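Only one chain is included here, represented as structure tokens and corresponding to the form deposited in one PDB entry.
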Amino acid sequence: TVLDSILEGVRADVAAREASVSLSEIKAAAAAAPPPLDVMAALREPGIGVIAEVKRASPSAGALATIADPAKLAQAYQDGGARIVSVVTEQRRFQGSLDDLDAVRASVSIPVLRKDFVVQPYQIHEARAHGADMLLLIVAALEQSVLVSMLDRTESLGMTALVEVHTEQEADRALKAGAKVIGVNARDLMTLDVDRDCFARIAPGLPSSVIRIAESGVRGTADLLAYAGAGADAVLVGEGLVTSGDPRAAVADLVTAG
């Protein structure tokens, strides 16, 4: 239920934004934005992809990094071989914002994942408007019919949904929804505990045609390699990069791991 406190805050913040930027305007801005990059193709490149994350804080970690210049951080990440950059845009717990997403989009060539708690269609068009190529959808946040439509609406905008699951039952739900990319978060969003055995419990269960991303728990090459050994096509890494004095070297170590 950390999820739910995060979610009530999100719904209020979206409504307040929408009051200043109507759903019609954001729809128009999304429609008008340059088309999204082909994230599936990027995910299918040789090697384990490193999805490098821009994140200032979290409920679990507290303050991680000031990231005065998220564009510059994302530049380091691309220089280091990152496949995708994840930008957290939730303001109250993670101290992110859309501005970060704008800054990252303008500064890198690799695809950009908007990492936030997608509860409403507004945020989907908003993601597209602000340049996201990939959008996080959290199965534990979303009732199935809503999941299905959020997924459908994401893909109708050209974006790839990174459908995040924590359990085999969530996985099954994701698959039934039409997920092409499934992320397994070692972290339980209700309680914030990081169970590392998750990916390897779940990943074997998935069709081979589905792309598998290991979210969380990556401290270095050994964790990357372990997820790699359990079927990961890519890993998402944030805490160890944002707190680095040399994020490009930290990324480059992971990109070349093995």
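Superpose the two forms; the largest set of C-alphas matching within 1.5 Å is the rigid core. The numbering used is simple: start at 1 and walk along the sequence shown.
Separately, the form deposited in another entry exists; it is not shown, and the next lines address it.
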Following superposition of the rigid core, which of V210, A226, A61, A203 is the only residue with a C-alpha displacement of 2 Å or more between the shown form and the other one? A61
Does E45 shift between the shown form and the other one by 2 angstroms or more at the C-alpha, the core having been superposed? no
After superposition on the rigid core, does the Cα atom of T243 shift by at least 2 Å between the shown form and the other one? yes
Under a superposition restricted to the rigid core, does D188 display a Cα displacement of 2 angstroms or more between the shown form and the other one? yes
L73 and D193: do their C-alpha atoms lie closer or farther in the other entry than in the form you see, with a change of 3 Å or more? closer
Comparison of CA distance in the other entry with shown form for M190, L137, at least 3 Å: farther
